[PDB]
Amino acid sequence: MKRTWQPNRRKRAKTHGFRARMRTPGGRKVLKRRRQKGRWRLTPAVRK
Amino acid sequence: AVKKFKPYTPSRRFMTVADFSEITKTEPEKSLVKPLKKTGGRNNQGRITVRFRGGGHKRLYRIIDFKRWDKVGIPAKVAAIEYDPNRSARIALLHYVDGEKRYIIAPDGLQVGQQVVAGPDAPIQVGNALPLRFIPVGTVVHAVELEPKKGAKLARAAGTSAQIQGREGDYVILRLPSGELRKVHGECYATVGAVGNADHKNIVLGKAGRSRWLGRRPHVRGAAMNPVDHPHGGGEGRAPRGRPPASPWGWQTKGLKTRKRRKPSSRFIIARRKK
RNA sequence: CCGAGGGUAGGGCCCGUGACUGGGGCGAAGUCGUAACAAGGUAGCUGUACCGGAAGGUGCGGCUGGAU
RNA sequence: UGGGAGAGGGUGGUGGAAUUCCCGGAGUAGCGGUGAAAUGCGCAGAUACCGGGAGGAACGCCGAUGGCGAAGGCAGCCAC
RNA sequence: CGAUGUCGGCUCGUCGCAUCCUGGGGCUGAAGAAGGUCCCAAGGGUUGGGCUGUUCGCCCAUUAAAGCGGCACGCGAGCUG
RNA sequence: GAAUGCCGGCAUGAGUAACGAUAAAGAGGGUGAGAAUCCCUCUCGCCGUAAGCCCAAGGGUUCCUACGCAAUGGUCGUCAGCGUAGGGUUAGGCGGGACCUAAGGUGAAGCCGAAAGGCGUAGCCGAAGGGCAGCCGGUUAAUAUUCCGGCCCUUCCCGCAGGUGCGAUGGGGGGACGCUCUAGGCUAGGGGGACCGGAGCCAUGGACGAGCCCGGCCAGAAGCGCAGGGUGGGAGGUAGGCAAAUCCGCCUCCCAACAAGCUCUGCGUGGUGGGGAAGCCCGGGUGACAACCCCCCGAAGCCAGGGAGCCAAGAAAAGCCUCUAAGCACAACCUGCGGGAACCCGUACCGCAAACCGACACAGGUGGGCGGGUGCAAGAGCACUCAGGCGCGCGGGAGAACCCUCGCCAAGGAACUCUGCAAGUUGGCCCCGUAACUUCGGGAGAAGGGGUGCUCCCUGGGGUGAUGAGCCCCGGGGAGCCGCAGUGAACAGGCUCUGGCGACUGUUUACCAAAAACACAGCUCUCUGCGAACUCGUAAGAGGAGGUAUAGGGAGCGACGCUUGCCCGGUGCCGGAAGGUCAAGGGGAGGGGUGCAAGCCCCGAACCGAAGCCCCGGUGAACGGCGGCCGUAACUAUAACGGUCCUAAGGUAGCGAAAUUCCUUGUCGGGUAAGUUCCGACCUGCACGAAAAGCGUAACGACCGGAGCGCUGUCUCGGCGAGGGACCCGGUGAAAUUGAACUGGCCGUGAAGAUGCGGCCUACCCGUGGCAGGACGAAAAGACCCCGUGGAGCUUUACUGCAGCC
RNA sequence: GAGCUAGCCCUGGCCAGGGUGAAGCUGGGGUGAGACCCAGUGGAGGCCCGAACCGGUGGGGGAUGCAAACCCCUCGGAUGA
RNA sequence: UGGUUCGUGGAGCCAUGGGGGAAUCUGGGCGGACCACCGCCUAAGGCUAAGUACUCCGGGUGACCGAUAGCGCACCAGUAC
Ligand SMILES: [Mg+2]
Ligand SMILES: [Mg+2]
Ligand SMILES: [Mg+2]
Ligand SMILES: [Mg+2]
Ligand SMILES: [Mg+2]
Ligand SMILES: [Mg+2]
Ligand SMILES: [Mg+2]
Ligand SMILES: [Mg+2]
Ligand SMILES: [Mg+2]
Ligand SMILES: [Mg+2]
Ligand SMILES: [Mg+2]
Ligand SMILES: [Mg+2]
Ligand SMILES: [Mg+2]
Ligand SMILES: [Mg+2]
Ligand SMILES: [Mg+2]
Ligand SMILES: [Mg+2]
Ligand SMILES: [Mg+2]
Ligand SMILES: [Mg+2]
Ligand SMILES: [Mg+2]
Ligand SMILES: [Mg+2]
Ligand SMILES: [Mg+2]
Ligand SMILES: [Mg+2]
Ligand SMILES: [Mg+2]
Ligand SMILES: [Mg+2]
Ligand SMILES: [Mg+2]
Ligand SMILES: [Mg+2]
Ligand SMILES: [Mg+2]
Ligand SMILES: [Mg+2]
Ligand SMILES: [Mg+2]
Ligand SMILES: [Mg+2]
Ligand SMILES: [Mg+2]
Ligand SMILES: [Mg+2]
Ligand SMILES: [Mg+2]
Ligand SMILES: [Mg+2]
Ligand SMILES: [Mg+2]
Ligand SMILES: [Mg+2]
Ligand SMILES: [Mg+2]
Ligand SMILES: [Mg+2]
Ligand SMILES: [Mg+2]
Ligand SMILES: [Mg+2]
Ligand SMILES: [Mg+2]
Ligand SMILES: [Mg+2]
Ligand SMILES: [Mg+2]
Ligand SMILES: [Mg+2]
Ligand SMILES: [Mg+2]
Ligand SMILES: [Mg+2]
Ligand SMILES: [Mg+2]
Ligand SMILES: [Mg+2]
Ligand SMILES: [Mg+2]
Ligand SMILES: [Mg+2]
Ligand SMILES: [Mg+2]
Ligand SMILES: [Mg+2]
Ligand SMILES: [Mg+2]
Ligand SMILES: [Mg+2]
Ligand SMILES: [Mg+2]
Ligand SMILES: [Mg+2]
Ligand SMILES: [Mg+2]
Ligand SMILES: [Mg+2]
Ligand SMILES: [Mg+2]
Ligand SMILES: [Mg+2]
Ligand SMILES: [Mg+2]
Ligand SMILES: [Mg+2]
Ligand SMILES: [Mg+2]
Ligand SMILES: [Mg+2]
Ligand SMILES: [Mg+2]
Ligand SMILES: [Mg+2]
Ligand SMILES: [Mg+2]
Ligand SMILES: [Mg+2]
Ligand SMILES: [Mg+2]
Ligand SMILES: [Mg+2]
Ligand SMILES: [Mg+2]
Ligand SMILES: [Mg+2]
Ligand SMILES: [Mg+2]
Ligand SMILES: [Mg+2]
Ligand SMILES: [Mg+2]
Ligand SMILES: [Mg+2]
Ligand SMILES: [Mg+2]
Ligand SMILES: [Mg+2]
Ligand SMILES: [Mg+2]
Ligand SMILES: [Mg+2]
Ligand SMILES: [Mg+2]
Ligand SMILES: [Mg+2]
Ligand SMILES: [Mg+2]
Ligand SMILES: [Mg+2]
Ligand SMILES: [Mg+2]
Ligand SMILES: [Mg+2]
Ligand SMILES: [Mg+2]
Ligand SMILES: [Mg+2]
Ligand SMILES: [Mg+2]
Ligand SMILES: [Mg+2]
Ligand SMILES: [Mg+2]
Ligand SMILES: [Mg+2]
Ligand SMILES: [Mg+2]
Ligand SMILES: [Mg+2]
Ligand SMILES: [Mg+2]
Ligand SMILES: [Mg+2]
Ligand SMILES: [Mg+2]
Ligand SMILES: [Mg+2]
Ligand SMILES: [Mg+2]
Ligand SMILES: [Mg+2]
Ligand SMILES: [Mg+2]
Ligand SMILES: [Mg+2]
Ligand SMILES: [Mg+2]
Ligand SMILES: [Mg+2]
Ligand SMILES: [Mg+2]
Ligand SMILES: [Mg+2]
Ligand SMILES: [Mg+2]
Ligand SMILES: [Mg+2]
Ligand SMILES: [Mg+2]
Ligand SMILES: [Mg+2]
Ligand SMILES: [Mg+2]
Ligand SMILES: [Mg+2]
Ligand SMILES: [Mg+2]
Ligand SMILES: [Mg+2]
Ligand SMILES: [Mg+2]
Ligand SMILES: [Mg+2]
Ligand SMILES: [Mg+2]
Ligand SMILES: [Mg+2]
Ligand SMILES: [Mg+2]
Ligand SMILES: [Mg+2]
Ligand SMILES: [Mg+2]
Ligand SMILES: [Mg+2]
Ligand SMILES: [Mg+2]
Ligand SMILES: [Mg+2]
Ligand SMILES: [Mg+2]
Ligand SMILES: [Mg+2]
Ligand SMILES: [Mg+2]
Ligand SMILES: [Mg+2]
Ligand SMILES: [Mg+2]
Ligand SMILES: [Mg+2]
Ligand SMILES: [Mg+2]
Ligand SMILES: [Mg+2]
Ligand SMILES: [Mg+2]
Ligand SMILES: [Mg+2]
Ligand SMILES: [Mg+2]
Ligand SMILES: [Mg+2]
Ligand SMILES: [Mg+2]
Ligand SMILES: [Mg+2]
Ligand SMILES: [Mg+2]
Ligand SMILES: [Mg+2]
Ligand SMILES: [Mg+2]
Ligand SMILES: [Mg+2]
Ligand SMILES: [Mg+2]
Ligand SMILES: [Mg+2]
Ligand SMILES: [Mg+2]
Ligand SMILES: [Mg+2]
Ligand SMILES: [Mg+2]
Ligand SMILES: [Mg+2]
Ligand SMILES: [Mg+2]
Ligand SMILES: [Mg+2]
Ligand SMILES: [Mg+2]
Ligand SMILES: [Mg+2]
Ligand SMILES: [Mg+2]
Ligand SMILES: [Mg+2]
Ligand SMILES: [Mg+2]
Ligand SMILES: [Mg+2]
Ligand SMILES: [Mg+2]
Ligand SMILES: [Mg+2]
Ligand SMILES: [Mg+2]
Ligand SMILES: [Mg+2]
Ligand SMILES: [Mg+2]
Ligand SMILES: [Mg+2]
Ligand SMILES: [Mg+2]
Ligand SMILES: [Mg+2]
Ligand SMILES: [Mg+2]
Ligand SMILES: [Mg+2]
Ligand SMILES: [Mg+2]
Ligand SMILES: [Mg+2]
Ligand SMILES: [Mg+2]
Ligand SMILES: [Mg+2]
Ligand SMILES: [Mg+2]
Ligand SMILES: [Mg+2]
Ligand SMILES: [Mg+2]
Ligand SMILES: [Mg+2]
Ligand SMILES: [Mg+2]
Ligand SMILES: [Mg+2]
Ligand SMILES: [Mg+2]
Ligand SMILES: [Mg+2]
Ligand SMILES: [Mg+2]
Ligand SMILES: [Mg+2]
Ligand SMILES: [Mg+2]
Ligand SMILES: [Mg+2]
Ligand SMILES: [Mg+2]
Ligand SMILES: [Mg+2]
Ligand SMILES: [Mg+2]
Ligand SMILES: [Mg+2]
Ligand SMILES: [Mg+2]
Ligand SMILES: [Mg+2]
Ligand SMILES: [Mg+2]
Ligand SMILES: [Mg+2]
Ligand SMILES: [Mg+2]
Ligand SMILES: [Mg+2]
Ligand SMILES: [Mg+2]
Ligand SMILES: [Mg+2]
Ligand SMILES: [Mg+2]
Ligand SMILES: [Mg+2]
Ligand SMILES: [Mg+2]
Ligand SMILES: [Mg+2]
Ligand SMILES: [Mg+2]
Ligand SMILES: [Mg+2]
Ligand SMILES: [Mg+2]
Ligand SMILES: [Mg+2]
Ligand SMILES: [Mg+2]
Ligand SMILES: [Mg+2]
Ligand SMILES: [Mg+2]
Ligand SMILES: [Mg+2]
Ligand SMILES: [Mg+2]
Ligand SMILES: [Mg+2]
Ligand SMILES: [Mg+2]
Ligand SMILES: [Mg+2]
Ligand SMILES: [Mg+2]
Ligand SMILES: [Mg+2]
Ligand SMILES: [Mg+2]
Ligand SMILES: [Mg+2]
Ligand SMILES: [Mg+2]
Ligand SMILES: [Mg+2]
Ligand SMILES: [Mg+2]
Ligand SMILES: [Mg+2]
Ligand SMILES: [Mg+2]
Ligand SMILES: [Mg+2]
Ligand SMILES: [Mg+2]
Ligand SMILES: [Mg+2]
Ligand SMILES: [Mg+2]
Ligand SMILES: [Mg+2]
Ligand SMILES: [Mg+2]
Ligand SMILES: [Mg+2]
Ligand SMILES: [Mg+2]
Ligand SMILES: [Mg+2]
Ligand SMILES: [Mg+2]
Ligand SMILES: [Mg+2]
Ligand SMILES: [Mg+2]
Ligand SMILES: [Mg+2]
Ligand SMILES: [Mg+2]
Ligand SMILES: [Mg+2]
Ligand SMILES: [Mg+2]
Ligand SMILES: [Mg+2]
Ligand SMILES: [Mg+2]
Ligand SMILES: [Mg+2]
Ligand SMILES: [Mg+2]
Ligand SMILES: [Mg+2]
Ligand SMILES: [Mg+2]
Ligand SMILES: [Mg+2]
Ligand SMILES: [Mg+2]
Ligand SMILES: [Mg+2]
Ligand SMILES: [Mg+2]
Ligand SMILES: [Mg+2]
Ligand SMILES: [Mg+2]
Ligand SMILES: [Mg+2]
Ligand SMILES: [Mg+2]
Ligand SMILES: [Mg+2]
Ligand SMILES: [Mg+2]
Ligand SMILES: [Mg+2]
Ligand SMILES: [Mg+2]
Ligand SMILES: [Mg+2]
Ligand SMILES: [Mg+2]
Ligand SMILES: [Mg+2]
Ligand SMILES: [Mg+2]
Ligand SMILES: [Mg+2]
Ligand SMILES: [Mg+2]
Ligand SMILES: [Mg+2]
Ligand SMILES: [Mg+2]
Ligand SMILES: [Mg+2]
Ligand SMILES: [Mg+2]
Ligand SMILES: [Mg+2]
């Protein structure tokens, strides 16, 4: 049947993207966290 | 004269549509429409704030002239009488001798091809707009301003009327469609006659889908819900109310008055409503 | 081919009979009240409507076949 | 053809008496009701009296033993 | 109670005897036929239907008879629901 | 050494289940160390409104070629979506951007919030909507509307010529719109041809034929032709379109009107440029100088912004045109022509799937377009087939039980069972015919029956065309032939009677409930006069509503019909300018402390003092409630009648053993041979009852009862047969579970149900197919139940607070 | 976190074929004029049958599955909430 | 109302949301309600090293670990998944 993951590139980049993260106090903390932890990537990759 | 249908489907048994026989123009004036932005009952937080709304037919808003003291002394010809989905009354398209075109709510007995006018000099004839202090006592009137130059507020739904009762200083006394008696400032404008389409109250929707066409989604009963949702929720099997009948938010919904006591307009209400 | 009639299916009218139920008639001496006949003790009757254990009562309009 | 009397019918209007309610005044110990009462209403100010407002229904005197209509029936006044 | 699945039915048996039938008996208020009662006997047999989830029971038509109980109210790693 | 401990390793079950749709395979020839599995050929079968083709999303090299087989591939592998390496994606016209706006988002101005932040007009962003210039063929191993060939077109810059008051983010026109039905003429697509082109064919009894087989086009500028859309012309006045305005809007006059004219598309034709089958021969080449014509059917697409009807009344903005303002009229714009200029990103490949979503090469899920032919009344249905694409990545045998899916059955025909569950029956079309009842629509496909193929003969109307022939669509009548049987295969209702519930079509517990539940039109109560009530928010601000009592919120009832009684003492709500109580505050009788004293400081009676509460009334489609005992009639029985006790008042109408009745399978009647169910009745209603509505009701129902007919493998009662498994051989090879095991029966015993203790009996060692009585078999630290001063949801006249309101 | 699911908003798309035949219109009849009656045309509907599409009624299979909701037969809606 | 040991307590002190509201030394605050006496101090403006805290970093040292330990990572780890 229809499952939960229905990929969508615009949706991905607009929901979890860098620019979304920076427009919100909680989004900035995420990047501060993920940079402090040393994540290779700060945001989901979407091909665009 | 409301139209009936033969019982050739279960719903057509009671469905009754308006006769539309007084309309003379079947598409709106393009320079006077603008899109009506549908809300679905949602506010600017996006929250539902007025339940059970949405999914109605698409509409364009007709701009309606609720002032008319805009063009004191300038006569206008009644060009057409049109359908409006945003209100219960019909509307009348005026071609002013100005070359200017506007819409008013159509009063009863108005006719295409007639002249209307506005101002203190105007005749006391159906369709003319005057300051209340110049209309003779006893006159039936509609589209009444409530405060001077703020716009027509009262008696605008299909078939309603206000009746001038008497004068007192700068204030006339009105019997509103609700039966209440109120002082309204004499410099407020108003239009002679009652609103048209009086048969509007005898339309029988006949089926659920009709309500849906109007944007009215189905209204579910509190007694049908659960205690998380409503004071009447729950119970094993059906249940009486088991408490004073209440709204989803708890306040009592049988008799409990709710107009604000200290409201400053109280000094101008004379007699609360009837029936 | 028609055809007495047999068979299948569906209708119409009539007659008998039916748990129970509706009022009707009649029946020497039952119970409850007293509605009508006198102004019958609220004049009566009436068409309708509502009501009441029962006769009845009341509303609305009508009639004199109503009395002083 | 020329005349007439009429609450004959329909429609739109409209006048005054009276009752009830509301508002103000003024005024107090009861009012109402009946065969006699009581329920009811009234010092939270009623009844009686004055002024104002709203609303409905029926049209006093004329009026008669009268007029009109096929019958049921038709009564303020104006016009069609 | 870190689980012994809980009615009835179907299926499949199997055991007990306080025996319903069939076999053998004594007594009888046993003439005969037909019964009553008690004794011995478990080899075999012990029907089909209507009603109800029913067990049980009532009913219909038969029968030599239409027995009573146990096996975790026998049997859900066999079925049903 | 134990923690259902943690991490890791290795065992058991076991050579066991399984190897993923029952669409299906066989042979020959290659290749190679190795072949059921790779390549080639022939035969067979499967899809064909797809299982074929083209887009979009998503994926991200998986494409093409060479070279490989350790791992991946459920077997194999020489093969591959795998490994390595090289190659491959070409645009002014296609899509997106350098254009426009929609929801929404953001946001100069402004508003609000302890902070973070929330709003917010304009403006900006935002598309699969508006707008805008490319079609046919060829070519590569792999790209093509991109390269190439042919023929077309757009924008920007510049110059020339002619023309004109030029000039815009400003004014205006336009863009600009729904649903259902639909005309005219075309095209896409298809069918036929005795005509046109073609390599061949004559078989096996016949045919050298008006025979068989194959094909008979596609794109194209200007112009012309056909069919359509769009659109009045002139003048005078003008105060309206937030300046102006010759534009628009309004008024008047004349002229033009199903037209015409102008303009804009579609189709056709059109210089030219291409394509071109079977067959044969090795994707090529021939066929070929290929032919390229007539008739018909004909769209849901095109002309389009067409037409008509309807109510629920159907985006915006730019491009575009027109008007003027600053300006400027050496400019500028308009038109025609000419040259030059024309950027960024995507383009491979999969795309109903082995490449996307599901951990898998997973019987699941995934939006748009094309979807041929014949017959069956139609169609995207059904069967078979074209183009094309596949035979599902383990096989070979055997022919047990048993399981699945399927076929048939003597006689009986629901006797099965909780229940005809399931499976039969019926089954399309045309014709005849069709009941109660009904809201007059319906019930209705009621029920029940007849017809249905082929041949010859005669004839009626329609379309194209021409009125005719041909083609094609509907019929009518008559005579016959064949079989068991003619919707001969496939797809395609069983019916009726009678109850309960719900009016109805709808909605729901994604994944155990589809219902009588929710909703529903309609009915009633109640709030709300507009900065409305109400709702979300601290606020600003929003929804309500750009609505205004015929409207909007809240509540119950639930189409319609006939109806909806009595109680206001308690609780709620509504009204009550008196009286009672009531806090802060006012007031200051009178006390107190301290100081030498002025003073400073503290307590404090009466009295004035809000809402609330008390009190006085109203109110049921507000919360709710609607009696007990005793006696009485000339057979008896039973009480129309009375006595009395209590209540705020004692249940009316209608219904009643009921979706409600305990006793209960009440009693009687019906139906059956027999009826705890069903229907109809009675009424001592444990415990119906009138908008948590009462009683009925046509029609409707995958709802739930009862009966009948039809027909059946449901059953008496079982038999036989098919295929896919199970079984055997070759290949690959899991699982939960598992203290260890050398693991029998009985009668006892034991923590009370023993393979393991006692006594006795029985018993050589090890498997394989099967069956499920036991190992209190497996699975889940019982959901039931209790316990814990464990937890959470929910309620209220529990407690105590808070929002909110007064 | 609303790429599943629920509701709404904006903008697009989809619904083979067949059956029944409302209003209205025309004509006819009727009447003082009407209502109304017949025929024709017309093509309405939370109308009927049935694919696509959306569902998920009954039963059977599946139950360490093809699948952490599937498969077969059957069945509901299919111009509308 | 907050702070303080101070939870309304005899409740001062310090701070302040609201209301009322001075004086410039003979002015004003405090010494735990309040008054006297005796004393302490000068509110309603600002700045000010050092001694104090911490360890991304660098070094020194361990009756610290020694690859299931020591950081999650001795290794291409905030990776693969
Ligand atoms: Mg889903
Ligand atoms: Mg999706
Ligand atoms: Mg995307
Ligand atoms: Mg997208
Ligand atoms: Mg998106
Ligand atoms: Mg983003
Ligand atoms: Mg976001
Ligand atoms: Mg890096
Ligand atoms: Mg992130
Ligand atoms: Mg109707
Ligand atoms: Mg009717
Ligand atoms: Mg109208
Ligand atoms: Mg516009
Ligand atoms: Mg809005
Ligand atoms: Mg908003
Ligand atoms: Mg609301
Ligand atoms: Mg809403
Ligand atoms: Mg209207
Ligand atoms: Mg409205
Ligand atoms: Mg006013
Ligand atoms: Mg209404
Ligand atoms: Mg609407
Ligand atoms: Mg409603
Ligand atoms: Mg509801
Ligand atoms: Mg409920
Ligand atoms: Mg519920
Ligand atoms: Mg909740
Ligand atoms: Mg709660
Ligand atoms: Mg609650
Ligand atoms: Mg409740
Ligand atoms: Mg409930
Ligand atoms: Mg409930
Ligand atoms: Mg209950
Ligand atoms: Mg109730
Ligand atoms: Mg209750
Ligand atoms: Mg309440
Ligand atoms: Mg009022
Ligand atoms: Mg005969
Ligand atoms: Mg015979
Ligand atoms: Mg006696
Ligand atoms: Mg008498
Ligand atoms: Mg009398
Ligand atoms: Mg008397
Ligand atoms: Mg009475
Ligand atoms: Mg008194
Ligand atoms: Mg007094
Ligand atoms: Mg009144
Ligand atoms: Mg237990
Ligand atoms: Mg265990
Ligand atoms: Mg267990
Ligand atoms: Mg258990
Ligand atoms: Mg004898
Ligand atoms: Mg004996
Ligand atoms: Mg025996
Ligand atoms: Mg029984
Ligand atoms: Mg038992
Ligand atoms: Mg029993
Ligand atoms: Mg015998
Ligand atoms: Mg037994
Ligand atoms: Mg027992
Ligand atoms: Mg027991
Ligand atoms: Mg048992
Ligand atoms: Mg058992
Ligand atoms: Mg079981
Ligand atoms: Mg059992
Ligand atoms: Mg078991
Ligand atoms: Mg077993
Ligand atoms: Mg067991
Ligand atoms: Mg079950
Ligand atoms: Mg059950
Ligand atoms: Mg130990
Ligand atoms: Mg261990
Ligand atoms: Mg543990
Ligand atoms: Mg472990
Ligand atoms: Mg391990
Ligand atoms: Mg290891
Ligand atoms: Mg291992
Ligand atoms: Mg071992
Ligand atoms: Mg092994
Ligand atoms: Mg084994
Ligand atoms: Mg297995
Ligand atoms: Mg498997
Ligand atoms: Mg299959
Ligand atoms: Mg072969
Ligand atoms: Mg082979
Ligand atoms: Mg091979
Ligand atoms: Mg090999
Ligand atoms: Mg194969
Ligand atoms: Mg091959
Ligand atoms: Mg086909
Ligand atoms: Mg992938
Ligand atoms: Mg390999
Ligand atoms: Mg290999
Ligand atoms: Mg290698
Ligand atoms: Mg492998
Ligand atoms: Mg596999
Ligand atoms: Mg090789
Ligand atoms: Mg490539
Ligand atoms: Mg190009
Ligand atoms: Mg540029
Ligand atoms: Mg911040
Ligand atoms: Mg955006
Ligand atoms: Mg676009
Ligand atoms: Mg649009
Ligand atoms: Mg383009
Ligand atoms: Mg072109
Ligand atoms: Mg090449
Ligand atoms: Mg020009
Ligand atoms: Mg428009
Ligand atoms: Mg518009
Ligand atoms: Mg419509
Ligand atoms: Mg054809
Ligand atoms: Mg051409
Ligand atoms: Mg002007
Ligand atoms: Mg060729
Ligand atoms: Mg050649
Ligand atoms: Mg289409
Ligand atoms: Mg079009
Ligand atoms: Mg049109
Ligand atoms: Mg806009
Ligand atoms: Mg100038
Ligand atoms: Mg110049
Ligand atoms: Mg650029
Ligand atoms: Mg490409
Ligand atoms: Mg699929
Ligand atoms: Mg693939
Ligand atoms: Mg596979
Ligand atoms: Mg798949
Ligand atoms: Mg097609
Ligand atoms: Mg073809
Ligand atoms: Mg067919
Ligand atoms: Mg195969
Ligand atoms: Mg397949
Ligand atoms: Mg396979
Ligand atoms: Mg074998
Ligand atoms: Mg099969
Ligand atoms: Mg046979
Ligand atoms: Mg048979
Ligand atoms: Mg039978
Ligand atoms: Mg039979
Ligand atoms: Mg039966
Ligand atoms: Mg059942
Ligand atoms: Mg039954
Ligand atoms: Mg069939
Ligand atoms: Mg048939
Ligand atoms: Mg009948
Ligand atoms: Mg009938
Ligand atoms: Mg019937
Ligand atoms: Mg009926
Ligand atoms: Mg009928
Ligand atoms: Mg039939
Ligand atoms: Mg025939
Ligand atoms: Mg034949
Ligand atoms: Mg024959
Ligand atoms: Mg059918
Ligand atoms: Mg229901
Ligand atoms: Mg229903
Ligand atoms: Mg009902
Ligand atoms: Mg009903
Ligand atoms: Mg209903
Ligand atoms: Mg469910
Ligand atoms: Mg559930
Ligand atoms: Mg679930
Ligand atoms: Mg349910
Ligand atoms: Mg259903
Ligand atoms: Mg529900
Ligand atoms: Mg309903
Ligand atoms: Mg109703
Ligand atoms: Mg709130
Ligand atoms: Mg705040
Ligand atoms: Mg608004
Ligand atoms: Mg309901
Ligand atoms: Mg009726
Ligand atoms: Mg009460
Ligand atoms: Mg009360
Ligand atoms: Mg009271
Ligand atoms: Mg009150
Ligand atoms: Mg109660
Ligand atoms: Mg009570
Ligand atoms: Mg009554
Ligand atoms: Mg009863
Ligand atoms: Mg009974
Ligand atoms: Mg009942
Ligand atoms: Mg009951
Ligand atoms: Mg009972
Ligand atoms: Mg019982
Ligand atoms: Mg019985
Ligand atoms: Mg009987
Ligand atoms: Mg009784
Ligand atoms: Mg109830
Ligand atoms: Mg009914
Ligand atoms: Mg019915
Ligand atoms: Mg239904
Ligand atoms: Mg149903
Ligand atoms: Mg039956
Ligand atoms: Mg069988
Ligand atoms: Mg077989
Ligand atoms: Mg062997
Ligand atoms: Mg092997
Ligand atoms: Mg392997
Ligand atoms: Mg051991
Ligand atoms: Mg051992
Ligand atoms: Mg052993
Ligand atoms: Mg043994
Ligand atoms: Mg024991
Ligand atoms: Mg034992
Ligand atoms: Mg042993
Ligand atoms: Mg032992
Ligand atoms: Mg031992
Ligand atoms: Mg021992
Ligand atoms: Mg032993
Ligand atoms: Mg022993
Ligand atoms: Mg033994
Ligand atoms: Mg074996
Ligand atoms: Mg075995
Ligand atoms: Mg076993
Ligand atoms: Mg155990
Ligand atoms: Mg066991
Ligand atoms: Mg066991
Ligand atoms: Mg479990
Ligand atoms: Mg548990
Ligand atoms: Mg436990
Ligand atoms: Mg529980
Ligand atoms: Mg317990
Ligand atoms: Mg406790
Ligand atoms: Mg304790
Ligand atoms: Mg607790
Ligand atoms: Mg409130
Ligand atoms: Mg969504
Ligand atoms: Mg979604
Ligand atoms: Mg459809
Ligand atoms: Mg038909
Ligand atoms: Mg017709
Ligand atoms: Mg028509
Ligand atoms: Mg329908
Ligand atoms: Mg039909
Ligand atoms: Mg579904
Ligand atoms: Mg299913
Ligand atoms: Mg079935
Ligand atoms: Mg499952
Ligand atoms: Mg399936
Ligand atoms: Mg099926
Ligand atoms: Mg439907
Ligand atoms: Mg259907
Ligand atoms: Mg359809
Ligand atoms: Mg719709
Ligand atoms: Mg403190
Ligand atoms: Mg203190
Ligand atoms: Mg000084
Ligand atoms: Mg001093
Ligand atoms: Mg001082
Ligand atoms: Mg101080
Ligand atoms: Mg001090
Ligand atoms: Mg001191
Ligand atoms: Mg000091
Ligand atoms: Mg300062
Ligand atoms: Mg320092
Ligand atoms: Mg060490
Ligand atoms: Mg290690
Ligand atoms: Mg480590
Ligand atoms: Mg270590
Ligand atoms: Mg570190
Ligand atoms: Mg580690
Ligand atoms: Mg790594």
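Here is the naming used below: chain letters follow the sequence lines, and residue numbers restart at 1 for every chain. The basis for the numbers below is simple: all heavy atoms, side chains too, and nothing from hydrogens, waters or symmetry mates.
- With a 4.5 Å cut-off on side-chain heavy atoms, B/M15 and B/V204 do not count as touching.
- The phosphate of F/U535 (OP1 or OP2) has a side-chain N or O of B/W251 nearer than 4.0 angstrom.
- With the cut-off at 3.5 Å for both distances, F/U594 forms a Watson-Crick or G-U wobble pair with F/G599.
- An OP1 or OP2 oxygen of G/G3 is reached within less than 4.0 angstrom by no side-chain nitrogen or oxygen of A/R9.
- A close approach under 4.0 Å does occur between a side-chain nitrogen or oxygen of B/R272 and OP1 or OP2 of F/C527.
- For B/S11, a side-chain nitrogen or oxygen approaches OP1 or OP2 of G/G46 to under 4.0 Å.
- Side-chain nitrogen and oxygen atoms of B/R53 include at least one within less than 4.0 Å of the OP1 or OP2 phosphate oxygen of F/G553.
- Look at B/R12 and you'll find a side-chain N or O under 4.0 angstrom from OP1 or OP2 of G/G46.
- Taking only side-chain nitrogens and oxygens, B/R217 comes nearer than 4.0 Å to OP1 or OP2 of G/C8.
- Of the side-chain N and O atoms in B/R273, one or more sit less than 4.0 angstrom from OP1 or OP2 of F/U528.
- Residue-nucleotide stacking is not present for B/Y8 and F/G441, judged by a side-chain ring centre under 5.5 Å from the six-membered base ring centre and planes under 30° apart.
- Distances shown here put every side-chain N or O of B/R241 at or beyond 4.0 Å from the OP1 or OP2 atom of F/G556.
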